[PDB]
$ cat query-v1.txt   # compact mmCIF, C-alpha atoms
# COMPACT_ATOMS: atom_id res chain seq x y z
CA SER A 349 207.41 157.85 13.42
CA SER A 350 205.29 158.24 16.54
CA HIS A 351 202.49 156.20 18.11
CA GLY A 352 200.15 156.35 21.08
CA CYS A 353 197.43 154.18 22.65
CA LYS A 354 194.91 154.67 25.43
CA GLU A 355 192.92 151.58 26.42
CA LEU A 356 190.19 151.08 29.02
CA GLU A 357 188.02 148.32 30.45
CA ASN A 358 185.32 148.60 33.11
CA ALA A 359 183.10 145.70 34.19
CA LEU A 360 180.38 145.47 36.84
CA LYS A 361 178.84 142.11 37.77
CA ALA A 362 176.30 142.69 40.49
CA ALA A 363 174.00 139.91 41.63
CA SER A 364 171.55 139.13 44.41
CA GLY A 365 169.37 136.31 45.63
CA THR A 366 166.67 135.95 48.23
CA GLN A 367 164.33 133.27 49.51
CA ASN A 368 161.47 133.41 51.99
CA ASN A 369 160.07 130.06 53.12
CA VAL A 370 157.20 130.06 55.62
CA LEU A 371 155.20 127.14 56.98
CA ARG A 372 152.38 127.23 59.51
CA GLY A 373 149.69 124.93 60.77
CA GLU A 374 147.46 124.12 63.71
CA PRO A 375 145.76 120.79 64.20
CA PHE A 376 143.05 120.97 66.85
CA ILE A 377 141.09 118.11 68.40
CA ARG A 378 138.32 117.61 70.94
CA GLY A 379 137.31 114.19 72.23
CA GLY A 380 139.23 110.93 72.24
CA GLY A 381 142.06 109.50 74.29
CA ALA A 382 144.81 111.95 75.15
CA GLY A 383 147.44 109.68 73.62
CA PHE A 384 145.59 109.55 70.31
CA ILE A 385 144.93 113.29 70.58
CA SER A 386 148.66 114.00 70.88
CA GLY A 387 149.59 111.38 68.28
CA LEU A 388 147.23 112.90 65.70
CA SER A 389 147.49 116.62 66.52
CA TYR A 390 151.27 116.50 66.00
CA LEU A 391 151.63 117.87 62.46
CA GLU A 392 153.39 115.41 60.14
CA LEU A 393 154.67 117.81 57.47
CA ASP A 394 154.53 115.09 54.80
CA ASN A 395 150.87 114.29 55.57
CA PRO A 396 149.01 117.19 57.21
CA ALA A 397 145.80 115.15 57.08
CA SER B 243 151.36 121.41 72.08
CA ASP B 244 148.71 122.08 74.72
CA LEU B 245 147.05 118.84 75.79
CA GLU B 246 144.09 118.70 78.20
CA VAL B 247 143.08 115.45 79.86
CA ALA B 248 140.68 116.33 82.69
CA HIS B 249 138.74 119.20 84.23
CA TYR B 250 138.76 119.55 88.03
CA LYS B 251 136.43 121.61 90.22
CA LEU B 252 136.46 121.93 94.00
CA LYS B 253 133.17 122.26 95.86
CA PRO B 254 132.42 125.85 96.95
CA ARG B 255 131.30 125.11 100.53
CA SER B 256 131.89 123.01 103.65
CA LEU B 257 135.37 121.89 102.64
CA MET B 258 137.28 119.37 104.77
CA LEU B 259 140.70 120.78 105.70
CA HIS B 260 143.88 118.76 106.07
CA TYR B 261 144.97 117.90 109.61
CA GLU B 262 148.28 119.76 109.31
CA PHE B 263 146.63 122.90 107.94
CA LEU B 264 143.87 122.62 110.55
CA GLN B 265 146.40 122.51 113.39
CA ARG B 266 148.53 125.31 111.92
CA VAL B 267 145.46 127.56 111.63
CA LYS B 268 144.36 126.73 115.19
CA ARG B 269 147.77 127.87 116.49
CA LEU B 270 147.51 131.25 114.76
CA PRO B 271 147.63 134.12 117.28
CA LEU B 272 144.44 136.14 117.55
CA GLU B 273 146.59 139.27 117.67
CA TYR B 274 148.02 140.44 114.36
CA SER B 275 151.68 139.42 114.31
CA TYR B 276 152.74 139.24 110.67
CA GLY B 277 155.55 136.71 111.10
CA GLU B 278 153.24 133.86 112.09
CA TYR B 279 150.92 134.40 109.11
CA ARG B 280 154.00 134.67 106.90
CA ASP B 281 155.13 131.31 108.26
CA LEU B 282 151.65 129.98 107.43
CA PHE B 283 152.08 131.12 103.81
CA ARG B 284 155.63 129.78 103.63
CA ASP B 285 154.38 126.39 104.84
CA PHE B 286 151.16 126.16 102.80
CA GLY B 287 151.15 129.08 100.35
CA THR B 288 148.57 131.81 99.97
CA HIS B 289 145.93 130.26 97.70
CA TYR B 290 144.05 127.06 96.97
CA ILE B 291 142.79 125.75 93.65

$ encode --input "query-v1.txt" --output "structure tokens"
Amino acid sequence: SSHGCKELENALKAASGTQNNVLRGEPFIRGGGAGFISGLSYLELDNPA
Amino acid sequence: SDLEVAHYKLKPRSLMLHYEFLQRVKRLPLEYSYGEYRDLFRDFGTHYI
């Protein structure tokens, strides 16, 4: 009797991820009291209006 | 944030100088001697708005 095995495994798990997140905005105001100008022109991201 | 709250303009002619500047100009030597004019600039700067 005689016997012989050859056995092989090869595995490749590549992966990747990316994310680009960009936000911009520019309130602009003319007229009105400078305190109300600054208080409104500051961009509230939850209410850009 | 750039906030603007007033505009200023100086008259172009017949300006009334400050007493200290007035005196310090009076004392300037008629002869060119850099160090005294340098001291003038060091005391009052080179430019007005």

$ atom_distance --input "query-v1.txt" --atom1 "CA of residue 251 in chain B" --atom2 "CA of residue 389 in chain A"
26.6 Å

$ interface_residues --input "query-v1.txt" --of "chain B" --to "chain A" --cutoff "10 Å" --atoms "all atoms listed in the file" --output "PyMOL selection string"
chain B and resi 243-248

$ axis_aligned_box --input "query-v1.txt" --around "range 265-282 of chain B" --padding-each-side "3 Å" --output "AutoDock Vina command-line options"
--center_x 150.0 --center_y 131.5 --center_z 112.3 --size_x 17.2 --size_y 23.9 --size_z 16.8

$ atom_distance --input "query-v1.txt" --atom1 "CA of residue 391 in chain A" --atom2 "CA of residue 367 in chain A"
23.8 Å

$ atom_distance --input "query-v1.txt" --atom1 "CA of residue 270 in chain B" --atom2 "CA of residue 256 in chain B"
20.9 Å

$ residues_around --input "query-v1.txt" --residues "residue 286 in chain B" --least-positions-apart "2" --cutoff "12 Å" --atoms "all atoms listed in the file" --output "list in words"
residues 260, 262, 263, 264, 266, 267, 279, 280, 281, 282, 283, 284, 288, 289 and 290 of chain B

$ residues_near_point --input "query-v1.txt" --point "(155.3, 120.1, 59.7)" --cutoff "8 Å" --atoms "all atoms listed in the file" --output "count of residues only"
8
